[PDB]
Amino acid sequence: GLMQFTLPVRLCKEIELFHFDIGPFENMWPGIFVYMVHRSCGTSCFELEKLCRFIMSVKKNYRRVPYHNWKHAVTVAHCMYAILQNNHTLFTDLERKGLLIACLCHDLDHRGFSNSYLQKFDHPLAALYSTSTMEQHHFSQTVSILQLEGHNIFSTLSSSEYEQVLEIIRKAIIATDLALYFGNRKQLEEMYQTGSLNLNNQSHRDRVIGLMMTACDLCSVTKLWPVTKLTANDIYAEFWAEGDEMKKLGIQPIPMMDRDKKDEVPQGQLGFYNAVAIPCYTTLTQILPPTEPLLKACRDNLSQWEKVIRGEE
Ligand SMILES: Cc1cc2nc(CCc3nc(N4CCCC4)n(C)n3)nn2c(CCc2nc(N3CCCC3)n(C)n2)n1
Ligand SMILES: [Mg+2]
Ligand SMILES: [Zn+2]
């Protein structure tokens, strides 16, 4: 009832910043999430006993893969927390409620393989979900966890508010399919420039929340250089494993997933920052000015990758 979550002074201060790293102590990650819901949504958005039971079932349904794990879930939720706190008045009570949960749930039961590998392996999930294969599975896993006894954190919502929050979370999670990002951003770019962009148009909010989701999902490129560099090692540990599995099926993997092309990583990051990250945070800064630190940090890390190529590190 009268039970605030607080963090040590360094975390209390640094959690408000976009570049915050949630640290290596796994047991504090749920406290960090609850702290962010309480400050973002209020201490009355969720029954605490249900929230905690939901957090812990979500954690149990993330796998011990090198990158798409529980640490990624909480990292992506913290970046969303940063966006919501810096754009307070632009978002509804339901969006605040829905989006932090969407972020925590957005990679539920990830196996460390691309939609691509599922489809070439002919995994059952590829027959059930022809596109956004894992992303439809992640939403499906969220609904399952919500339907466990004592886990419905949305129990107090109306029949209609419930359906609205589940629809926000579905679109939010689907948008983390980076194949849907390129089209989504180009459309947001055009609408912002021509002046058509209107935040009262529900299908416009959808695109903007979609871009936020991509921004939070890629936020590894917006961290302090040593965090950015070390997260890159984890990201390639998955991709190269998937490459290995591609070769087991008789398929040359793309360079991104070929451990034989280690040497080319720095150049691969350049391409990725220029084709994906920089455009993402550019369009997001334009639409939501207070997100500029993500763009600024992304540019700094690109510049650190340029230095890696030039032998300067
Ligand atoms: C820090 C960081 C974050 C990151 N996120 C992702 C997502 C990958 C992705 N998924 C999709 N889709 C989804 C369905 C179809 C399209 N797309 C479009 N992209 N890659 N990634 C990389 C590797 C970048 C890279 N590294 C090389 N190098 C090749 C040679 C050495 C490494 N390249 C090319 N790119 N580093
Ligand atoms: Mg994902
Ligand atoms: Zn993710």
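Counting begins at 1 with the first residue of the sequence.
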Would [X] and [Y] show up in the same hydrophobic cluster when neighbours are defined by side-chain heavy atoms closer than 4.5 Å?
X: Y67; Y: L224; result: no
X: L180; Y: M213; result: no
X: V227; Y: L295; result: no
X: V76; Y: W70; result: no
X: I278; Y: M212; result: yes

- Task: Could you give me the CA-CA distance, side-chain angles and deciding distance for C105 and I169, then say whether side-chain contact (heavy atoms from CB on, under 4.5 Å) is met?
- Result: CA-CA 9 Å; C105 289; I169 292 168; 5.7 Å; no

- Query: How far apart are the C-alpha atoms of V34 and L48, what are their side-chain angles, what is the distance that settles it, and do they pass the side-chain contact (heavy atoms from CB on, under 4.5 Å) test?
  - Reply: CA-CA 9 Å; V34 166; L48 198 53; 4.2 Å; yes

Exercise answer: donor-acceptor pairs, residues 123-131 side-chain atoms, under 3.5 Å, sequence neighbours excluded:
residue	atom	partner	partner atom	Å
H123	ND1	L125	N	3.1
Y129	OH	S140	OG	3.4

Donor-acceptor pair, [X] side chain versus [Y] backbone, under 3.5 Å?
X: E238; Y: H68; answer: yes
X: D107; Y: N69; answer: no
X: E242; Y: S114; answer: yes
X: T176; Y: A172; answer: no
X: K223; Y: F20; answer: yes
X: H204; Y: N198; answer: yes
X: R96; Y: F91; answer: yes

Would you find more than 12 non-hydrogen atoms of other residues, nucleotides or ligands less than 6.0 Å from [X] atom [atom1]?
X: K296; atom1: NZ; answer: no
X: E167; atom1: CD; answer: yes
X: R64; atom1: CZ; answer: no
X: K171; atom1: NZ; answer: yes
X: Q85; atom1: CD; answer: yes

- Salt bridge check: are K248 and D244 linked by an N-O gap of less than 4.0 Å?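 No, no charged N to carboxylate O under 4.0 Å.
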
- Item | Sidechain N-carboxylate O distance under 4.0 Å for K186, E189 |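 Judged by the 4.0 Å cut-off on N to carboxylate O distance, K186 and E189 do not form a salt bridge.
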
To check you understand the geometry: which heavy-atom pair defines the closest contact between [X] and [Y], and what is its length?
X: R259; Y: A241; answer: NH2-N, 3.7 Å
X: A297; Y: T222; answer: CB-O, 3.2 Å
X: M134; Y: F113; answer: CG-O, 4.2 Å
X: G210; Y: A175; answer: CA-CB, 3.6 Å
X: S132; Y: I174; answer: OG-CG2, 4.2 Å
X: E95; Y: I209; answer: OE2-CD1, 3.8 Å

- Query: Relative to the ring of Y35, is the ring of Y81 parallel (under 30°), tilted (30 to 60°) or perpendicular (over 60°)?
  - Reply: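 Answer is tilted, since the angle falls between 30° and 60°.
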
- Which class fits the ring pair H138 and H110: parallel under 30°, tilted 30 to 60°, perpendicular over 60°?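 Aromatic pair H138/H110 classed parallel.
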
- Message: Determine whether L146 and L166 satisfy the following criterion, side-chain contact (heavy atoms from CB on, under 4.5 Å), listing intermediate values before the conclusion.
- Response: CA-CA 10 Å; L146 272 175; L166 259 290; 4.0 Å; yes

Any side-chain heavy atom of [X] sitting closer than 4.5 Å to one from [Y]?
X: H106; Y: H72; value: yes
X: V165; Y: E161; value: no
X: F54; Y: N152; value: no
X: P30; Y: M56; value: yes
X: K71; Y: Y62; value: no
X: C219; Y: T75; value: yes
X: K59; Y: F33; value: no
X: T291; Y: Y281; value: no

Starting at [atom1] of [X], measure out to [atom2] of [Y] and round the result to the nearest 0.5 Å.
X: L51; Y: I55; atom1: CG; atom2: CD1; result: 4.0 Å
X: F239; Y: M246; atom1: CZ; atom2: CE; result: 11.5 Å
X: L94; Y: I168; atom1: CG; atom2: CD1; result: 5.5 Å
X: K97; Y: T156; atom1: NZ; atom2: OG1; result: 5.5 Å
X: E190; Y: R185; atom1: CD; atom2: CZ; result: 9.5 Å
X: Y181; Y: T283; atom1: OH; atom2: OG1; result: 6.5 Å

Scan the side chains in residues 265-276 for donor-acceptor partners under 3.5 Å anywhere in the protein, sequence neighbours excluded, and list what turns up.
residue	atom	partner	partner atom	Å
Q269	NE2	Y236	OH	2.7
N274	ND2	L270	O	3.2

- Which pairs, with at least one residue in residues 45-84 and sequence neighbours excluded, count as a disulfide (SG to SG under 2.5 Å)? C41-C45

- Residue pairs, two or more places apart or on separate chains, that pass side chain to side chain donor-acceptor pair (under 3.5 Å) and touch residues 1-12: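 Qualifying pairs: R10-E14.
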
- Message: For the residue pair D206 / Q202, report whether a side-chain donor-acceptor contact shorter than 3.5 Å exists.
- Response: yes

- Task: Verify the distance criterion only: is there a donor paired with an acceptor across the side chains of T228 and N301 at less than 3.5 Å?
- Result: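 Yes, side-chain donor-acceptor contact under 3.5 Å.
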
- Message: Does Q304 form a side-chain contact (heavy atoms from CB on, under 4.5 Å) with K307? I'd like the steps, not just the answer.
- Response: CA-CA 5 Å; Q304 291 303 291; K307 282 177 193 179; 3.8 Å; yes

- Query: According to the salt bridge (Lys or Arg N to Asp or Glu O under 4.0 Å) rule, which pairs have a member within residues 110-137, sequence neighbours left out?
  - Reply: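 Non-adjacent pairs meeting salt bridge (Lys or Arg N to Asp or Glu O under 4.0 Å): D109-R111.
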
- Task: Please name all residues satisfying side chain to side chain donor-acceptor pair (under 3.5 Å) with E49, sequence neighbours left out, ordered by chain then number.
- Result: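 With sequence neighbours excluded, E49 shows a side chain to side chain donor-acceptor pair (under 3.5 Å) to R53, given in chain and number order.
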
